[PDB]
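Given next are the chains, with one letter for each unit.
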Amino acid sequence: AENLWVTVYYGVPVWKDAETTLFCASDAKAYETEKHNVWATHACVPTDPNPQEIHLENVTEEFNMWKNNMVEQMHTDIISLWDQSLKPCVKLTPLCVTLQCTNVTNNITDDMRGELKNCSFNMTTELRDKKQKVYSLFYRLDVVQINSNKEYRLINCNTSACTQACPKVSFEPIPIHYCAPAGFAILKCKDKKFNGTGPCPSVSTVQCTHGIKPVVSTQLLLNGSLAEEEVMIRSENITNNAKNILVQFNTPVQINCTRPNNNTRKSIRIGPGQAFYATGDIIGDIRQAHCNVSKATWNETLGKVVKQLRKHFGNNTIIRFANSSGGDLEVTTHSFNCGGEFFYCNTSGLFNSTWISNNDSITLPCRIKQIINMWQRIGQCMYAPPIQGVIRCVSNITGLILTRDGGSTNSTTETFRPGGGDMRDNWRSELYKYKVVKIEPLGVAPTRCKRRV
Amino acid sequence: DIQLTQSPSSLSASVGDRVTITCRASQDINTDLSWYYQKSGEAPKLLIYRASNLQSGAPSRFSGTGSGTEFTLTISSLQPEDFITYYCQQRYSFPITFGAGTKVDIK
Amino acid sequence: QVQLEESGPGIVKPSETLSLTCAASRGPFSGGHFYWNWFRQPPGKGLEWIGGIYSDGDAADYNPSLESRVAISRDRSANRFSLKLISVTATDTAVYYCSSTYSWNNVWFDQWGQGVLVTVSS
Amino acid sequence: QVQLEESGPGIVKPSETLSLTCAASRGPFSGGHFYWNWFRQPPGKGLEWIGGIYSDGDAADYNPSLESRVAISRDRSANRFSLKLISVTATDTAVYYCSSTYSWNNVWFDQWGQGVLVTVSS
Amino acid sequence: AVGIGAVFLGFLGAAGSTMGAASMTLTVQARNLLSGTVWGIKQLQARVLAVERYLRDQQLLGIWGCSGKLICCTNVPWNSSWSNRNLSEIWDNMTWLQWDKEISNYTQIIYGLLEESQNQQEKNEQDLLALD
Amino acid sequence: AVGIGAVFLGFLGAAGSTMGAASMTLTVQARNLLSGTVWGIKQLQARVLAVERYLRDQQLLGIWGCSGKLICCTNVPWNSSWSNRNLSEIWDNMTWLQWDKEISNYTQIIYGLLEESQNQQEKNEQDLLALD
Amino acid sequence: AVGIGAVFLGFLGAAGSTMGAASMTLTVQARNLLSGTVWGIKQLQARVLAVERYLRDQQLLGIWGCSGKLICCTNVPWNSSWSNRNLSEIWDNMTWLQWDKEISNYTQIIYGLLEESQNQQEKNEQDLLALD
Ligand SMILES: *[C@@H]1O[C@H](CO)[C@@H](O[C@@H]2O[C@H](CO)[C@@H](O[C@@H]3O[C@H](CO[C@H]4O[C@H](CO)[C@@H](O)[C@H](O)[C@@H]4O)[C@@H](O)[C@H](O[C@H]4O[C@H](CO)[C@@H](O)[C@H](O)[C@@H]4O[C@H]4O[C@H](CO)[C@@H](O)[C@H](O)[C@@H]4O)[C@@H]3O)[C@H](O)[C@H]2NC(C)=O)[C@H](O)[C@H]1NC(C)=O
Ligand SMILES: *[C@@H]1O[C@H](CO)[C@@H](O[C@@H]2O[C@H](CO)[C@@H](O[C@@H]3O[C@H](CO[C@H]4O[C@H](CO)[C@@H](O)[C@H](O)[C@@H]4O)[C@@H](O)[C@H](O[C@H]4O[C@H](CO)[C@@H](O)[C@H](O)[C@@H]4O)[C@@H]3O)[C@H](O)[C@H]2NC(C)=O)[C@H](O)[C@H]1NC(C)=O
Ligand SMILES: *[C@@H]1O[C@H](CO)[C@@H](O[C@@H]2O[C@H](CO)[C@@H](O[C@@H]3O[C@H](CO)[C@@H](O)[C@H](O[C@H]4O[C@H](CO)[C@@H](O)[C@H](O)[C@@H]4O)[C@@H]3O)[C@H](O)[C@H]2NC(C)=O)[C@H](O)[C@H]1NC(C)=O
Ligand SMILES: *[C@@H]1O[C@H](CO)[C@@H](O[C@@H]2O[C@H](CO)[C@@H](O[C@@H]3O[C@H](CO[C@H]4O[C@H](CO)[C@@H](O)[C@H](O)[C@@H]4O)[C@@H](O)[C@H](O)[C@@H]3O)[C@H](O)[C@H]2NC(C)=O)[C@H](O)[C@H]1NC(C)=O
Ligand SMILES: *[C@@H]1O[C@H](CO)[C@@H](O[C@@H]2O[C@H](CO)[C@@H](O[C@@H]3O[C@H](CO[C@H]4O[C@H](CO)[C@@H](O)[C@H](O)[C@@H]4O)[C@@H](O)[C@H](O)[C@@H]3O)[C@H](O)[C@H]2NC(C)=O)[C@H](O)[C@H]1NC(C)=O
Ligand SMILES: *[C@@H]1O[C@H](CO)[C@@H](O[C@@H]2O[C@H](CO)[C@@H](O[C@@H]3O[C@H](CO[C@H]4O[C@H](CO)[C@@H](O)[C@H](O)[C@@H]4O)[C@@H](O)[C@H](O)[C@@H]3O)[C@H](O)[C@H]2NC(C)=O)[C@H](O)[C@H]1NC(C)=O
Ligand SMILES: *[C@@H]1O[C@H](CO)[C@@H](O[C@@H]2O[C@H](CO)[C@@H](O[C@@H]3O[C@H](CO)[C@@H](O)[C@H](O)[C@@H]3O)[C@H](O)[C@H]2NC(C)=O)[C@H](O)[C@H]1NC(C)=O
Ligand SMILES: *[C@@H]1O[C@H](CO)[C@@H](O[C@@H]2O[C@H](CO)[C@@H](O[C@@H]3O[C@H](CO)[C@@H](O)[C@H](O)[C@@H]3O)[C@H](O)[C@H]2NC(C)=O)[C@H](O)[C@H]1NC(C)=O
Ligand SMILES: *[C@@H]1O[C@H](CO)[C@@H](O[C@@H]2O[C@H](CO)[C@@H](O[C@@H]3O[C@H](CO)[C@@H](O)[C@H](O)[C@@H]3O)[C@H](O)[C@H]2NC(C)=O)[C@H](O)[C@H]1NC(C)=O
Ligand SMILES: *[C@@H]1O[C@H](CO)[C@@H](O[C@@H]2O[C@H](CO)[C@@H](O[C@@H]3O[C@H](CO)[C@@H](O)[C@H](O)[C@@H]3O)[C@H](O)[C@H]2NC(C)=O)[C@H](O)[C@H]1NC(C)=O
Ligand SMILES: *[C@@H]1O[C@H](CO)[C@@H](O[C@@H]2O[C@H](CO)[C@@H](O[C@@H]3O[C@H](CO)[C@@H](O)[C@H](O)[C@@H]3O)[C@H](O)[C@H]2NC(C)=O)[C@H](O)[C@H]1NC(C)=O
Ligand SMILES: *[C@@H]1O[C@H](CO)[C@@H](O[C@@H]2O[C@H](CO)[C@@H](O[C@@H]3O[C@H](CO)[C@@H](O)[C@H](O)[C@@H]3O)[C@H](O)[C@H]2NC(C)=O)[C@H](O)[C@H]1NC(C)=O
Ligand SMILES: *[C@@H]1O[C@H](CO)[C@@H](O[C@@H]2O[C@H](CO)[C@@H](O)[C@H](O)[C@H]2NC(C)=O)[C@H](O)[C@H]1NC(C)=O
Ligand SMILES: *[C@@H]1O[C@H](CO)[C@@H](O)[C@H](O)[C@H]1NC(C)=O
Ligand SMILES: *[C@@H]1O[C@H](CO)[C@@H](O)[C@H](O)[C@H]1NC(C)=O
Ligand SMILES: *[C@@H]1O[C@H](CO)[C@@H](O)[C@H](O)[C@H]1NC(C)=O
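Residues numbered from 1 in each chain as written, not as in the entry; some residues may be left out. Chains lettered and ligands numbered in written order. Part of a larger assembly, values for the part shown. Heavy atoms only, no water.

Chemist: Tell me what's going on with helix α3 (residues 40-63) of chain G, and back it up with residues and numbers.
Modeler: Here α3(G) spans 34 Å end to end across 24 residues, near enough to the 34 Å set by a 1.5 Å rise per residue. Restricting attention to buried positions, one finds in α3(G) the residues G:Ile41, G:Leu44, G:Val48, G:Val51, G:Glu52, G:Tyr54, G:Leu55, G:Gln59, G:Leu60, G:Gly62 and G:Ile63. On the buried face of α3(G), the contacting elements are α3 (40-63) of chain E, α2 (26-32) and α3 (40-63) of chain F together with α2 (26-32) and α6 (107-131) of chain G. (Helix = DSSP H or I, 4+ residues; strand = E, 2+ residues; numbered from the N terminus. Expected span 1.5 Å × (residues − 1). Buried < 20%, exposed > 50% of the residue type's maximum accessible area, 1.4 Å probe, protein only. Contact = heavy atoms within 4.5 Å.)

Chemist: Which residues make up the sheet that holds strand β10 (residues 102-106) of chain B, and what values do they have?
Modeler: Residues and elements named next belong to chain B. The strand order across the open sheet built from six strands is β2-β10-β9-β4-β5-β6, with neighbouring strands paired in mixed fashion. Whereas interior strands pair on both sides, the edge strands pair on one side only; in this sheet they are β2 (10-13) and β6 (53-54). Alignment of strand β4 (residues 33-38) against strand β5 (residues 45-49), held across three bridges, turns out to be antiparallel. Bridge pairing in β5 links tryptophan 35 to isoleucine 48. (Pairing = 2+ DSSP bridges.)

Chemist: How would you explain the sheet that holds strand β5 (residues 48-54) of chain C if you had to name every residue and give the values?
Modeler: Residue and element names in this part refer to chain C. Strands sit in the order β2-β10-β9-β4-β5-β6 across an open sheet of six strands; the sheet is mixed. Unpaired on one side and paired on the other, β2 (11-12) and β6 (60-62) mark the two borders of the sheet. One ladder, built from two bridges, connects β2 with strand β10 (residues 116-120); its direction is parallel. Note that in β10 the partner of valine 12 across the bridge is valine 120.

Chemist: Please set out the arrangement of the chains residue by residue, giving values where relevant.
Modeler: Of all twelve pairs of chains that touch, the greatest number of contacts is found between chains A and E. Chain B makes no contact with chain F; the smallest distance between any of their C-alpha atoms is 9 Å.

Chemist: Just give me the short version of the pattern of salt bridges, but keep the residues and values in it.
Modeler: The full count for this structure, using the stated rule, is 39 salt bridges over all chains. Residue A:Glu229 is joined to A:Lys192 by a salt bridge in which the shortest nitrogen-to-oxygen separation is 3.1 Å. Here A:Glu229, found in the loop between β16 (221-222) and β17 (232-235), pairs with A:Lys192, found in the loop between β13 (184-189) and β14 (197-200); they are 37 residues apart in sequence, far enough to count as distant. The exposure class of A:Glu229 is partly exposed, given its relative accessible area of 30%. D:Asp92 serves as the salt-bridge partner of D:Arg69, at 3.5 Å between the closest nitrogen and oxygen. Here D:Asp92 lies in the loop between β8 (80-85) and β9 (94-101) and D:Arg69 lies in the loop between β6 (60-62) and β7 (70-75), a separation of 23 residues in the sequence. The same class applies to D:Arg69 as to D:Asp92, namely buried. Each of C:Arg40, C:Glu48, C:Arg69 and C:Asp92 takes part in one network of salt bridges that share partners. (Salt bridge = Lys/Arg side-chain N within 4 Å of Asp/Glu carboxyl O.)

Chemist: Any details on the site of ligand 7? Residues and values, ideally.
Modeler: Residue and element names in this part refer to chain A. In the vicinity of ligand 7, the contacting residues are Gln100, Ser120, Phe121, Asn122 and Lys133. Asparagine 122 is positioned such that a nitrogen or oxygen atom in its side chain is 2.4 Å from an oxygen atom of ligand 7. Protein chains bury 19% of the 730 Å² of accessible surface belonging to ligand 7 in isolation. A total of three residues in the shell around ligand 7 trace back to one element, the largest contributor, which is strand β8 (residues 116-124). Of the residues assigned to the shell around ligand 7, the class counts are one nonpolar, three polar and one charged. (Near = heavy atom within 4 Å. Polar contact = N/O pair within 3.5 Å; in protein donor to acceptor, adjacent residues only side chain to side chain. Areas by Shrake-Rupley, 256 points an atom, 1.4 Å probe, with all protein chains shown as cover. Nonpolar A, V, L, I, M, F, W, Y, C, P; charged D, E, K, R; others polar.)

Keep in mind these numbers describe shape, not what the thing actually does.
Shown next as structure tokens:
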């Protein structure tokens, strides 16, 4: 009776932390046409119409958003897929020619003085021996003067040659799911008060994660998820100011971003089957692109954020908001995409407030750049084609990326400024609740049974 | 509503006697019917499931037959524990209805 | 292995609101649909069906005769489900049962429990 | 499991053409080579070999003494094979057998059948 | 159609249950272990890696004379040095994850002991059968 | 060299034969199941897919306690609801394809029943052996 | 720490030993059989080829009714035509490589004989068990 032996159990319900390669999966609705997109949906396996989520009763799991391989893996996957999508498109090397540029006095407002430049230049046609003199419009942030006459060149000409994006390809983000392969499991922490790291008692297993939209943004988290309980704050080290702070909103903030200029697209034949899309004459008035938010909603969201921050930095602390300290335009401005056009918005009007221990709309200006060096890479630039007509988009602000200024001793005040620059922080807001584990079906146990001799 | 009629309403028999209970449905329900057994003081328990697949743990002396609007529960040999009340329940589309109930008493 | 327990007031005055609550259990089964159902067994007559609710959905089914008087809700955090009956009459005096039926492959289990007595009197 | 049946005229006049036909069968075996062979067993003496044909080829092998008088053909649609002997003499009166030998791995089966009697007389 | 569903023993959702209670759902996870030019190659590599992992586990099971069986008793004695405990508190109070955490140190020696015992048993059985 | 050839039991050429007669050639097809940068990857993917299919079939066979055996009896009763028929007309008149067509509807429930029966049998055998 | 090391039965280093002596180290080599976009594809192809080779060997072992066993006796008689010799000089004087060189000619007929014998044994066992 007391004597007992060892027995082997297979297919056992145990796991351990591990890193592997997941695979993409997209909804069947994307299969209905729309086969031309940056985020390849034809290459993704169709998703489960009724995904299964199995709750793990009596299970507590340790999660760590910051040391998660999924964020880096999917960032690399996005970069590679973007490069692959841009590979077959037209290579815009002939544009690197001297341009004769003048100002645009075509009913421009006072704030748009010098932003647009009318540039004429020679270019090769379908026949190399022949050349054509053509004119276009370029934003001030896309041309640099070279030294009477005024000669300008594309900003990228001394760095690399851009690859014009194929017009048929859509920049619109689509929901994406990541599924672990066989032998691996994905764990989701269902706790509504989870702060991004530590133990989680409410856990479940899912083959595929929920739909994730790879939205590219800085200083803001557009079209993201919303915390069920209230506004939440996550940080690798809240005390350390060198670490970014991710803020998730309980309720979205509606933001309307518009470019009111009636742009015109003009096709130029660079060579055999090479088409270049240029910005022609603008019909009508010219006005600065701008984004609008609700003042009252933003104020209430900032108040909730201030309360939740005081929950970590002490009740009697002055909470101040300041704009970005400085640097390149990518991090100093809210940079994102809207209907195929890239916007760089000056957010000094949204982080300008001070909070003591106790129908109006905010309008902020935005600038347009047709040449983009995203992912902080150098030597790979894309020329964004112009889009005819006005541009209007309505989005949800659901999160913020903030940085705390280093305060000397205890100055009973704290200043937070928009930051970012690393898309991994943007990705971490959606994959915080997900972890990857590897199964170990083998298991030895003590059992009184003894195999026959 | 689907009306279930049980016959006999009340029956008296001795131990070991073979007994039969018949249930009629107001409309066709195919083979989606079951029979439950209950005694006063305890909750009803399933006796025969689908009228053709013996429920696990139930004695083999109970047999279910029939389909459509006619179902039959047959007990080949009565037992002291078998002097219970039997109900027929249609596992068809809603609403859900139960039989009138047949009472078995010792004679 | 699901055991369901019933709670509520033993005596409810006529035309008042009768509220009963039962503890939902899932047993060894990890994923699926559980149909938590409320019944009643008035003395001297057979059992009657009141209503039911799915585990994965808030949709509720009710007996046609009690559609306007019977409501059933659930709370997953406490894993409970409650039944509220309004305009209680003398005929509502019954043994109320909370039941769950498994739906494993071609077996169709069923568990009921013990129930609770409810009496309507002034 | 191959059973071979023989057909043809019981009596053939001398110097005429003797035509015999046999039904070829493959049995449970699905792929391979079947050597359908024709023999003869004259009364009062041992068996003799006439010729043979492969299942997968039309090439025919014949006994050296009967090369100029014996021909064998086959038709796969009817799965039959026929033997034609010309200038039949009194010595050709024999029991003609159609045989097939299996060639499974290192076994070398052999099936013969029952044969047919052929008599040469005027 | 009376409110029935699936109620199927699914994924590791039973891992939080006890040892013996969780032994019910071993086969479903065992079956799940085989659920099913820059991205297709990576997903194919993941599939092949899962295949090798499962096949190596099956080979390890077969080497110990337990092929084709989820549960297989063995002749190796259970030394109390690893974890004494007792049978009652193991199969009714502790979960599989806690047991794996506790016994993660001595797994290799257990594998080697099972290997050696199975080889010796196979040779002894061969000799005994050749004797008859 | 007397006219002999191969006469080997080959591919599905025996599928048109009866049930019992076609049971002879199960192993040859079982062996055939493993017959053996834009095109090599595709052919490798086809090979890996065949490998996963065969390995999943082997796992299913092992889960029902029938690993390593082409023919393995089981404890699951044969309910007459699926197809009553009788033994004589099945193994001597009907082919495998017709049987698969007839019984294609209830395959999953058969697989589940075999799974549950094998698990119960394994646990009962473990308890019985531990009793001794 | 008194000068001890590993002293583990490793790779084919025991191949030069005798038949029976080398039978000790069969399982270590069996385990080693699964040791583990222009170059990764080639190494993946090598891994997949090794996987198919091992799986085909396992399928061949299972077809002869010897799955999960390193050593498995069979009902096929040992014809003296292949290599008469005698038992004493085989398992104590000749190595595995020499035996493989000697018997390399008739391997296929042995495989076929084992196949046919196992199929016949399986059918006879099925009939006998159905009789009871
Ligand atoms: C957060 O999430 C929100 C909500 O989804 C999202 O807003 C949506 O943005 C997308 C992408 O810009 C918008 O889709 C575009 O909308 C307009 C108009 O089309 C829609 O609206 C009309 C009327 O409502 C409908 O009839 C119509 O069916 C559409 O619903 C267009 O700009 C776009 O269509 C062109 O582009 C597509 C590219 O995929 C083409 O498939 C399509 O054929 C159109 O191209 C053609 O016309 C172009 C102009 O003439 C021309 O240049 C092309 O060559 C071609 O001929 C597209 O449908 C969507 O409407 C927004 N939703 C709402 C409710 O406003 C936010 O953008 C998102 N935020 C972030 C940061 O990602
Ligand atoms: C960016 O800069 C480019 C140049 O680098 C501008 O393009 C020029 O724009 C001007 C102003 O619109 C164009 O001039 C107009 O072109 C049209 C065609 O004119 C034809 O006829 C005249 C003779 O009648 C010929 O010389 C000419 O080659 C054409 O065959 C007409 O709309 C205009 O003619 C009308 O207005 C003039 C004004 O005095 C009258 O004299 C005429 O009788 C008539 O009523 C005028 O000639 C010019 O052609 C454009 N050049 C090119 C190469 O396209 C872009 O407009 C500028 N973009 C912005 C946003 O500012
Ligand atoms: C993002 O936007 C903010 C504002 O939303 C912007 O900060 C402003 O920058 C300007 C310079 O671009 C600062 O100077 C102003 O410039 C013009 C021209 O003089 C006028 O608007 C202002 O003058 C008025 O106000 C003065 C002081 O009240 C008066 O003396 C004068 O007579 C005029 O009335 C002013 O000089 C401007 O002060 C700031 N605004 C604030 C609130 O700090 C910021 O630069 C933008 N960021 C980027 C990167 O573009
Ligand atoms: C997560 O952990 C929970 C806490 O341990 C688990 O709850 C246990 O559930 C099992 C069945 O799965 C129960 O076992 C039954 O318990 C009683 C024995 O009576 C004792 O308990 C009752 C109620 O607690 C009490 O009134 C008595 O006085 C006794 O103390 C009987 O119904 C059965 O015989 C059977 O043994 C455990 O009692 C119960 N433990 C509790 C409630 O503390 C839960 O199952 C776990 N979840 C999973 C998915 O495994
Ligand atoms: C394709 O279908 C064919 C038609 O069913 C199959 O032919 C069958 O072949 C089997 C052997 O493989 C024969 O079984 C033998 O038959 C007789 C029994 O005697 C009866 O049949 C004969 C001839 O038809 C007749 O003269 C008698 O009166 C009886 O009626 C015996 O030789 C053996 O005992 C054995 O049972 C079938 O009889 C035969 N059926 C026919 C000709 O209708 C053919 O085999 C199938 N092909 C494959 C590849 O499976
Ligand atoms: C490589 O080949 C070598 C030569 O055959 C192998 O050496 C052999 O090693 C085995 C053990 O592994 C020895 O077996 C033992 O031998 C003696 C029997 O007595 C006889 O031999 C001794 C010494 O040679 C001699 O003094 C006596 O008179 C006898 O002739 C006993 O110790 C044991 O019972 C046991 O049988 C072989 O004798 C030995 N053969 C020699 C030395 O010729 C060597 O093991 C091989 N290497 C490998 C890795 O397998
Ligand atoms: C596109 O190609 C055309 C054609 O070659 C270029 O026009 C040429 O520009 C040069 C430099 O300004 C001109 O040379 C100068 O012209 C006048 C008249 O002689 C005078 O300022 C100077 O003495 C000098 O020679 C040249 O004449 C002119 N050619 C023509 C046919 O007009 C043009 O610069 C190129 N680039 C662009 C952006 O258009
Ligand atoms: C998110 O929540 C987790 C817990 O769910 C927080 O981790 C906890 O952090 C506190 C300090 O903030 C740790 O307390 C300290 O632990 C050690 C040992 O006692 C010592 O340094 C101190 O005396 C103090 O007690 C606590 O151990 C730790 N818990 C775990 C499980 O790691 C985490 O800090 C939260 N993150 C943010 C950004 O708020
Ligand atoms: C999160 O960030 C805080 C703030 O930086 C980290 O605390 C810091 O820990 C470092 C050592 O890792 C301390 O430096 C040492 O401090 C003392 C006093 O100077 C002395 O031992 C050494 O000379 C050295 O400077 C630093 O003072 C300390 N900062 C504060 C404000 O306490 C903390 O370790 C970080 N947590 C994690 C988990 O990374
Ligand atoms: C974002 O908010 C700004 C600021 O409120 C909006 O600009 C305002 O737009 C309205 C409606 O178009 C303009 O009113 C119109 O202006 C002219 C001149 O009177 C005329 O078209 C109409 O009679 C009407 O009054 C208003 O002037 C303009 N500016 C301001 C300072 O209010 C902008 O439209 C908003 N963008 C979106 C997409 O909602
Ligand atoms: C961003 O643009 C959206 C529309 O694309 C704006 O939402 C719209 O806001 C107007 C008022 O400005 C709403 O009209 C009013 O709605 C209700 C009845 O629906 C009632 O108060 C009035 O009779 C009037 O019709 C309109 O419904 C609403 N549309 C939607 C779809 O919500 C939004 O306000 C803009 N955001 C900012 C910050 O400017
Ligand atoms: C950032 O926040 C600060 C603090 O609230 C804002 O400064 C204040 O802005 C208001 C609105 O422009 C100024 O009021 C105006 O001032 C002058 C006369 O002083 C005149 O233009 C108007 O009659 C009106 O009263 C206020 O003076 C100014 N205060 C200071 C100390 O500068 C600032 O505008 C905010 N920035 C943004 C971009 O929203
Ligand atoms: C931008 O300008 C274009 C110029 O073509 C406008 O398109 C014209 O719109 C008018 C008015 O509806 C139509 O009668 C014309 O047929 C259109 N022309 C073409 C070529 O399509 C366009 O509407 C303007 N966009 C805005 C927002 O005002
Ligand atoms: C297991 O051993 C511990 C330690 O001696 C003891 O307290 C406990 O009761 C034992 N459990 C049993 C006997 O079930
Ligand atoms: C099989 O059953 C059918 C239908 O009753 C019957 O006609 C046939 O003879 C049976 N076959 C047997 C008994 O071999
Ligand atoms: C094996 O056979 C050979 C040849 O007859 C003989 O010399 C030798 O002694 C035999 N070995 C034995 C009997 O161990």
